[PDB]
Amino acid sequence: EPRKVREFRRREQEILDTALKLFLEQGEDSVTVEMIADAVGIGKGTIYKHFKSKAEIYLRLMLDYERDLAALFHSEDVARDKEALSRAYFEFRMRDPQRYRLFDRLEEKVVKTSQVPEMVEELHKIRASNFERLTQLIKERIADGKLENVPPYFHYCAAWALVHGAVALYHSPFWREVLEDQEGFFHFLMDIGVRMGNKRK
Amino acid sequence: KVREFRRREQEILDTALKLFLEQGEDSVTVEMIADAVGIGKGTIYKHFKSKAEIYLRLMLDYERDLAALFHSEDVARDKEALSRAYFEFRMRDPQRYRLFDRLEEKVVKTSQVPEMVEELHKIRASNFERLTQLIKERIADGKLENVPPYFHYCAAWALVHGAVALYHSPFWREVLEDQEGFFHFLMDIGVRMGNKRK
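Residue numbers (PDB author numbering), protein chains in the order written: chain B, 4 to 204; chain A, 7 to 204.
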């Protein structure tokens, strides 16, 4: 792409990365557009060229997350490894549990309210596409004999439940200190997700 | 008679829970519980000094029910059937689980009635050891992967927590509410979680 556009996009990305870091550390309600600009080192007026409001930043972060999930499914291979893809999916969903929880709060705050209707409609569209991709992966693992031959939404809902509960584990005042440094436990959870609903003989 | 005191106390508890789920616990007052039972507010105070006492009693009764599940006392109990029964117990009535999650913040974390909360922590600690002992036994039998027991404990907690949330989804609850096969599918997943590969 042209150099001017690339510079504009990299500045936009730095704003997004900085804003997300501030939201997780201090809480999203506390952080203001001025505070993000100070952290990036730019004037606030520069931020408003990129985003009209904090609600646009919230929605952009969630759109970017859905785009990252979509890219996970697409690969340059004729016959992708479905078990490796399933593992990558659970890793993507369970890493960064504080971000998951933040997005749960933003769902009530800006998505359910359709604070920016065009952006929320885009978010629903890509989420529906990602739902179709996960359902197709489930159907292919069923057709390959790996997953039990039950309705695909059985597997979808089990995966949703495991991810949701796993995120909650990392917000426990008791368990978070125990688990935060345990990479083996994280991979144990990943193995459980991949093995969930596997067919038995 | 002592008898007699108990049945009214149970109807108060059964009625209060069923208003809490309907209606939301903050909305429900002691007067509303008394009206539904029909026994007037003065009678309630003979059993419970406050709504917080009713909250904590419901949670104590729940922990006692979980303890009763483990105490089969058989010399060679079926651990897989016990594991399945545990997941069934935890995942049935998801609305009650969610209410108790709210009551944790409201009356347990605040130690609203300290004597009752100390008893609740005591039985919860006993139930934790009972579940951990079941996990260790399934590990020792070659059924579960030989990892720290808390690995298995935390996986079980996560599955239950996520399953309860599933039944509160505005989308999924209508889909799942009548699906006994899906419920048994989740139970199968819980029992098979962390199983050693043959």
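Yeah, the Cβ is synthetic: ideal placement off N, Cα and C, and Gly gets one too.
Our two residues, residue 159 of chain A and residue 37 of chain A, have alpha carbons roughly 41 Å apart in a direct line. Under a 10 Å Cβ-count criterion, residue 100 of chain B is classified as buried, with 16 or more other Cβ atoms of the shown protein chains found around its own Cβ. Residue 192 of chain A has a beta carbon lying within less than 8 Å of a beta carbon in chain B.
With respect to chain A, the C-beta atom of residue 148 of chain B has no partner C-beta closer than 8 Å. One Cα belongs to residue 164 of chain B, the other to residue 171 of chain A, and the distance between them is close to 7 Å. Residue state for residue 201 of chain B is assigned as strand, using DSSP reduced to three classes. Cβ-Cβ separation between residue 64 of chain A and residue 95 of chain A: approximately 15 Å, too far for a contact (criterion under 8 Å). For the C-beta of residue 127 of chain B, not a single chain A residue is nearer than 9 Å; the gap to the nearest is close to 12 Å. Listed in chain order, the non-local C-beta contacts of residue 15 of chain B below 7 Å within the same chain comprise 53, local neighbours out to five positions each way being set aside. With respect to residue 199 of chain A, residue 195 of chain B sits close: the two C-beta atoms are nearer than 8 Å.
A distance below 8 Å separates the beta carbons of residue 58 of chain A and residue 119 of chain A.
Per the C-alpha coordinates, the member of B:41, B:191 and B:62 positioned closest to residue 114 of chain B is B:62. Judged by DSSP secondary structure, residue 39 of chain A falls within the alpha helix (DSSP H) whose first and last residues are 36-43.
When only Cα atoms are considered, residue 147 of chain B and residue 85 of chain B end up about 10 Å apart. Distance from the Cα of residue 181 of chain B is smallest, within the candidate group A:191, A:67, A:157 and A:202, for A:157.
In this structure, the straight-line span from the alpha carbon of residue 18 of chain A to that of residue 10 of chain A is close to 13 Å. Between residue 56 of chain B and residue 68 of chain B, the alpha-carbon positions lie close to 19 Å from each other.
For chain B, the residues of the segment 167-184 of chain A that bring a beta carbon within less than 8 Å of one of its beta carbons are 167, 168, 169, 171, 172, 178, 181 and 182, in chain order.
Bridge pairing for residue 109 of chain A: absent [DSSP].
Scanning its chain for C-beta atoms nearer than 6 Å, with the 5 sequence neighbours on each side dropped, one finds no residue around residue 189 of chain A.
The residue from B:22, B:178, B:29 and B:32 with its alpha-carbon nearest to that of residue 45 of chain B is B:22.
Shortest Cα-Cα distance from residue 197 of chain B to any of B:175, B:151, B:70 and B:130 involves B:151. In this model, residue 129 of chain A and residue 106 of chain A are separated by some 15 Å (Cα to Cα). Non-local beta-carbon contacts of residue 136 of chain B in its own chain, meaning distances under 6 Å to residues more than five positions away in sequence, involve 76 in chain order. Residues of the segment 132-148 of chain B with a C-beta less than 8 Å from any C-beta of chain A: none at all. Going by C-alpha positions, residue 28 of chain B is about 22 Å away from residue 168 of chain B. Runs of the alpha helix (DSSP H) lying entirely within the segment 108-154 of chain A, each at least 4 residues long, are 120-146 in chain order. With its beta carbon at least 8 Å from every one in chain B, residue 19 of chain A lies outside the interface. For residue 173 of chain A, no alpha helix (DSSP H) encloses it, and the DSSP letter there is neither H nor E. By a beta-carbon distance limit of 8 Å, residue 149 of chain B contacts residue 202 of chain B. Their separation comes to about 6 Å. When the five nearest sequence neighbours on each side are left out, the beta carbons in the same chain lying within less than 6 Å of the beta carbon of residue 144 of chain B are those of 85 and 150, in order along the chain. Residues of chain B whose Cβ lies closer than 8 Å to the Cβ of residue 105 of chain A do not exist, since the nearest Cβ in that chain is about 17 Å away. Its chain contains 18, 36, 39, 40 and 43 as the residues whose beta carbon lies nearer than 8 Å to that of residue 50 of chain B, once the 5 sequence neighbours on both sides are disregarded; these appear in chain order.
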